[PDB]
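Visitor: This one's a deposited entry, sequence included:
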Amino acid sequence: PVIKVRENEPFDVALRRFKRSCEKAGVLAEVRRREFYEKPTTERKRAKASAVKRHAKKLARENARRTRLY
Amino acid sequence: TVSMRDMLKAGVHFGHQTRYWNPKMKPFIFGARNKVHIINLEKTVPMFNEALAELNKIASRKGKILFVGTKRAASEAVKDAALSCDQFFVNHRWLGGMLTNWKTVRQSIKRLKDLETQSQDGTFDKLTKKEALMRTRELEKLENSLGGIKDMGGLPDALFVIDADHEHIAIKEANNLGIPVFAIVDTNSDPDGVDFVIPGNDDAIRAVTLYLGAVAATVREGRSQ
Amino acid sequence: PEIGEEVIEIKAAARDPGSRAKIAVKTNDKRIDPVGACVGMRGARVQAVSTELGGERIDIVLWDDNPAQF
Amino acid sequence: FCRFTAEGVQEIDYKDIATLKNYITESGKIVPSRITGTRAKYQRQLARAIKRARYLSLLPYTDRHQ
Amino acid sequence: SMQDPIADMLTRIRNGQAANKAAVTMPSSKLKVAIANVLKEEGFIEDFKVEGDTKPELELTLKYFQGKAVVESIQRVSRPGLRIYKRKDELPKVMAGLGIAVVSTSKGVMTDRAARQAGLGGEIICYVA
Amino acid sequence: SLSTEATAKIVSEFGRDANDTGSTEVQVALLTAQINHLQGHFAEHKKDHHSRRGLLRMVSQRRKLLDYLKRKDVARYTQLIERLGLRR
Amino acid sequence: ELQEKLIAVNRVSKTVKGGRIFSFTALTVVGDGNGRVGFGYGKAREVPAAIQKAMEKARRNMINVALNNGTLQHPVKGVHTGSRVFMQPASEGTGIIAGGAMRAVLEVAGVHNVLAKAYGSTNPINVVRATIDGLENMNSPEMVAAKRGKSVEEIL
Amino acid sequence: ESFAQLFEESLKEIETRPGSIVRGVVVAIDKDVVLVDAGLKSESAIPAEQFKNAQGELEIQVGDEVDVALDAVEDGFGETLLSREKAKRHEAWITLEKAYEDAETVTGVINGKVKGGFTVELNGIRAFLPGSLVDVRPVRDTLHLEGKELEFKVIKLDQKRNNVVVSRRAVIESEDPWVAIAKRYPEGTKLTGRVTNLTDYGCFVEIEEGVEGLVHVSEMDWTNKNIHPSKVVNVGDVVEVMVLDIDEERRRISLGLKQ
RNA sequence: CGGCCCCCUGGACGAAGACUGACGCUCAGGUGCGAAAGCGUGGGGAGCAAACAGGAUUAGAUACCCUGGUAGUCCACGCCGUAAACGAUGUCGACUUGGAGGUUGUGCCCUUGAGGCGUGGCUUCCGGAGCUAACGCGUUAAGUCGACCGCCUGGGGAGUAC
């Protein structure tokens, strides 16, 4: 996330850019995840758990939308 | 009686998307154009006629017909049709166990009548404003629900339904009571509960109107007979 | 109740009060046994009408279909 | 809308530094195909080629590293 | 591996009835044909039609009465794991004779009742009801 | 695997038509040639168990073919092993 | 003309904040002494009410059975959820050889001669269910003859 | 009989996929939903915001006819894509007509340049334009009467993107997206782009040659976190967004809307 | 089993053809392979970390937390042969309604475009009949059958004792 302030560029705008860059770089998350060793099962476990939630989110909810609430 | 051209013009042949089809409708489907199912009219019309004949038979013996449609697209029309042949109908939400638990709904009808009498023949007015409002609101509520089956009589000898899957609750009740069923069955629906399936476009308004008008006519004919 | 429930389809009541009172009844295919309900446990309700207005030969017929079965 | 499909490339070339660049992040990372519309088959090749390039210093490992 | 074709044939019939299939096709064999003929004789199928020269396909036309299927139950009795042979006196009665038990005799394949009349036992292929 | 040219060379030798490519004799030869070829490979990489699995499969399949040959035609069976020099 | 037998009455509980709320289940069966049979299962706070419900339900959801003069028309197996039931026609006079709940239903059905053992579970509610199921599938010679398209004599 | 077939193809022959044949009769009007029947399976749930013209009020009562669009079927129940797009076809046709005589004659006011090119308006819709077109010469109609209406004379179009530059002035005068993605690039070239779908993190405005904008959620407004883009802008609407970033590599032009 | 490269190498799958011609299935014993830990010899040893030490906490804290930290984790060759070695689902074969995906082939179609129409393999999810104690499974079955094998027979005692 190297950044150079453009000419006549306000400081805050640059800073906001930098945060945007870090988010896109996804650095904080990566540091967080690497902070402690995750047993591979735990990793596999999370990944599969995560996927399942996505699918349930995508589908089961979509079907519900078909029916009105009130 | 109803010509096939007429149905096609209405838009009967059109069905639901393929991915929602119910395989029990495979016999009634003709094909799938543009990723949408097409109802084989050749198999439609004779079935429809057969049903119409059956209804006419029922009307002849002074049968009570019940028209069920709550799509809220075809709610107006079904009410209209039922009145045309002065039959009773349920254009709004089918009360669970309306037929099976008739003895209870019988009470609700009775309440409705009283409210109506109070409103009109009473001419009583001088009723507390908030009380009056509640009565009016209640009366409206019942009318919306049971208006069609207030002057229809009692349990129906036959049951015409505009969308099987949508009205499966009604379908089930009729099957438990054994009342013959005449359902418009779209491709997504399940025809098993139905006695006289009518493979057709439940959804489109014109088609629904087409469906009703024939039914209304044959009923009236049966009555005249 | 079933007829006080518009279930037991009761058309005409061709009966002669003071002697015999035979009447047929149908049902909108609800498998409720119109005559059975009209009779009851060993003519439970049948006895009621039997000694109701006076000793009458009340009878119930399981209406089949149309006038031919009538 | 995979470019490679229209080109129908039998195989992506790591030498094709411009084309890879067309899928390397300004920070130096690898693109999800969602964003490109690249088919997954070609995607795996693209990643492989990008790695190969990285090794020859044709592409950088990260914008920052030096 | 395919170890019992006859059992396979029956199963095809059983499922086909279950799924309300009009007709059921399978690789023909002389034995299968004989059985099919018996079923048609006893009226458990409308008709069977073998077709093909190199590797013929037997095609059965299932029977449905009043909606529900005609062949209520169909079991192998003899089977490669365990063969069953009955003498004319020991021939079974499926459903006390309402059903039929296909039995292979010296004098061709026949229903048990026929075999009893014929007066000779044999290998009991399958029960039908 | 066995190089295309090699296979053809074997096929021509053992197959009668040289197009047949299905003759029991031909298949055995093919397996044998490959088996011998790998012997060099596994001598080097003793721990490559996955590959060795494929080898055994080849061995097993070879054994069955021979056995099939044996009951069907002995003389061919005898002639064949003599050609390949299979102890059994 | 309908006879009614209450098979079993059982007390069942439902735990609530205060304590246990007890209720009763009545399993009853009714028949005409001919084909027509129907079981009823009622539930209520007081036994007499419960049994009355069961009688009430049983009277509906009847079912017909083809009965060779006194007995069944052929050996029949009937299963439901635990109870798997075998029952077999038997010579005149032998009476109803059957156990427990299965006994009662047969009686109202008007079967007078049956040999029937109830394998598997013997929980009243299911076993009666099986018997109904078995009797239900039981087909008469006339029925099959129609089914297969043959005369009865062809079937003998 | 074969009546059904011949008719079946006849009805195939008398209807087309796009919104081309003005066939749908308005059978029901209620704010804020119009609906028609163009001989499809089901009746369209039309917004009222495709069918009010240039001042906000509705224009078409029952019996009026506009085609809508198709090629997307049954998102579960119903049928269409909106007739507003159909009109885009008509605008393209009139624009093409210029070619015939090399002069489309329209009435165009290009007041000011969002992305270096004044925006020129057709009676209903508003477009974004290149810089050179806005005047044939350097007249620079910023000194002209605000929103002067003289004409529309095409200097530049991308011929794929909906970007048309009109010379409103001087009557007398008369793979593919990703190799050369540097036209809207420099820093802040504004664009007029229709939003497609708001994913609860963003809005996905994307109009220029099969590309994708994200504006997601951070700018969108002058409120950062409590915004929920669906509440704040629209669904299916042409907006002010600018590029603010191009990754021609990571093919994610991160547009903005706080500008 | 996961950076990239080369050498040797197994398997799977698709297209058509050509060939052999039942050569198949399963499998007691038997043979092999078999995570992690562990054992041996010899290397290697960053991080991490049983053991251990100390600091905390606590009534205690032989732990959770903190500061360190050796075996091991790594390499070679052997041994060990067990894991919730799990889909808690033996293997092979056939049949029985659908839907939505993923992935990998391949035929045709104006690819007139990312398309259109198929036809295979593997695979994820939902679900029909059916089945099931229910939970659920549901063409990858726990549905419908067939072949063979293994295994079960109350709980503890005990997968322990000899």
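Guide: Good, I have the coordinates. Numbering: from 1, shown residues only, chains lettered A, B, ... in the order given.
Visitor: Residue F:18 and chain B: what is the separation?
Guide: 52 Å (C-beta to the nearest C-beta, to the nearest Å). (C-beta placed from N, C-alpha, C; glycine too.)
Visitor: Can you tell me the closest non-neighbouring residue to that residue?
Guide: residue F:12 (4.4 Å; C-beta to C-beta, 6 or more residues apart in numbering or on different chains).
Visitor: same thing with residue G:112?
Guide: residue G:70 (4.5 Å).
Visitor: Find the closest residue to chain H in chain E.
Guide: residue E:22 (24.0 Å; C-beta to the nearest C-beta).
Visitor: Pull the number of nearby residues for that residue.
Guide: 11 (other C-beta atoms under 10 Å in any protein chain shown).
Visitor: ok, now which ones touch it?
Guide: E:61-62 (C-beta atoms under 8 Å, 6 or more residues apart in numbering or on different chains).
Visitor: For chain D, see how far away it is.
Guide: From residue E:22 to chain D the distance is 43 Å (C-beta to the nearest C-beta).
Visitor: Show me which residues of chain G sit near chain C.
Guide: G:1-2, G:59-60, G:62 (C-beta under 8 Å from any C-beta of the partner chain).
Visitor: Next, format those as TSV and append secondary structure, distance to chain B and neighbour count.
Guide: Shown next, in TSV, are those (DSSP: H, G, I helix; E, B strand; the rest coil; distance: C-beta to the nearest C-beta, whole Å; neighbours: other C-beta atoms under 10 Å in any protein chain shown):
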residue	secondary structure	distance to chain B	neighbour count
G:1	coil	23	9
G:2	coil	20	19
G:59	helix	15	20
G:60	coil	10	16
G:62	coil	13	19
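Visitor: can you map out the helices along chain A?
Guide: Ranges of helices in chain A, per DSSP state H, are A:11-25, A:27-33, A:40-65.
Visitor: Give me the contacts around the second one.
Guide: Right, helix A:27-33. Contacts of helix A:27-33 (C-beta under 8 Å, 6+ apart): A:1, A:22.
Visitor: can you give me the offset of it from its chain's centre?
Guide: 10 Å (C-alpha atoms, centre = their mean, to the nearest Å).
Visitor: Got the phi and psi for the residue in chain D positioned nearest to chain H?
Guide: Across chain D, no residue is closer to chain H than residue D:3, which sits at 3.3 Å (C-beta to the nearest C-beta). Taking degrees, to the nearest 10, you get phi -60, psi -40 for the backbone angles of residue D:3.
Visitor: and the gap between the residue nearest to residue F:18 and residue E:52?
Guide: 37 Å (C-beta to C-beta, to the nearest Å).
Visitor: Surely residue B:225 touches residue B:60?
Guide: Yes. At 5.0 Å, residue B:225 and residue B:60 qualify as touching, with contact defined as C-beta atoms under 8 Å.
Visitor: Can you name the residue of chain C nearest to chain B?
Guide: residue C:6 (1.1 Å).
Visitor: That residue - nearest residue in space that isn't next to it in sequence?
Guide: Using C-beta to C-beta, 6+ apart and skipping the chain neighbours, the partner closest in space to residue C:6 is residue B:154 (1.1 Å).
Visitor: For the residue minimising distance to the centre of chain B, which residues are in contact?
Guide: With distances taken as C-alpha atoms, centre = their mean, residue B:68 lies nearest the centre of chain B, 2.1 Å away. Neighbouring residues of residue B:68 by C-beta under 8 Å, 6+ apart: B:78, B:89-90, B:94, B:159-162, B:167, B:170.
Visitor: Run through the bridge partners of it.
Guide: On the basis of DSSP bridges, residue B:68 is bridged to residue B:90, residue B:161.
Visitor: Would you confirm that residue D:57 belongs to a strand?
Guide: No. Counting by DSSP: H, G, I helix; E, B strand; the rest coil, residue D:57 falls outside a strand, being coil.
Visitor: rewinding a little: show me which of the contacts of residue B:68 are buried.
Guide: B:78, B:89-90, B:94, B:159-162, B:167, B:170 (16 or more other C-beta atoms under 10 Å in any protein chain shown).
Visitor: ok, so of these, who is nearest residue C:20?
Guide: Nearest to residue C:20 out of the buried ones among the contacts of residue B:68 is residue B:159 (C-beta to C-beta; 35.5 Å).
Visitor: how about that closest one, secondary structure?
Guide: Here residue B:159 is recorded as strand under three-state DSSP.
Visitor: so what's it closest to, chain neighbours aside?
Guide: Spatially, and ignoring its direct neighbours in sequence, residue B:159 is nearest to residue B:174 (4.5 Å; C-beta to C-beta, 6+ apart).
Visitor: Which residues outside the helix or strand in which the one you found is found are in contact with it?
Guide: In the assignment (DSSP states H and E), residue B:174 maps to helix B:168-177. Helix B:168-177 is contacted by residues B:68, B:90, B:94, B:96-100, B:155, B:159, B:161, B:164, B:180-181, B:183, B:190, B:193-194, C:7, C:27-32 when judged by C-beta under 8 Å, 6+ apart.
Visitor: Please see if that helix touches RNA strand I.
Guide: No. Counting by C-beta under 7 Å from any atom of the strand, RNA strand I is not contacted by helix B:168-177; separation bottoms out at 12.7 Å.
Visitor: where does that helix sit relative to the chain's centre, distance-wise?
Guide: Centroid displacement of helix B:168-177 relative to its chain, using C-alpha atoms, centre = their mean, is 13 Å.
Visitor: Flag every buried residue along that helix.
Guide: Buried-residue list, helix B:168-177, by 16+ other C-beta under 10 Å: B:168-171, B:173-177.
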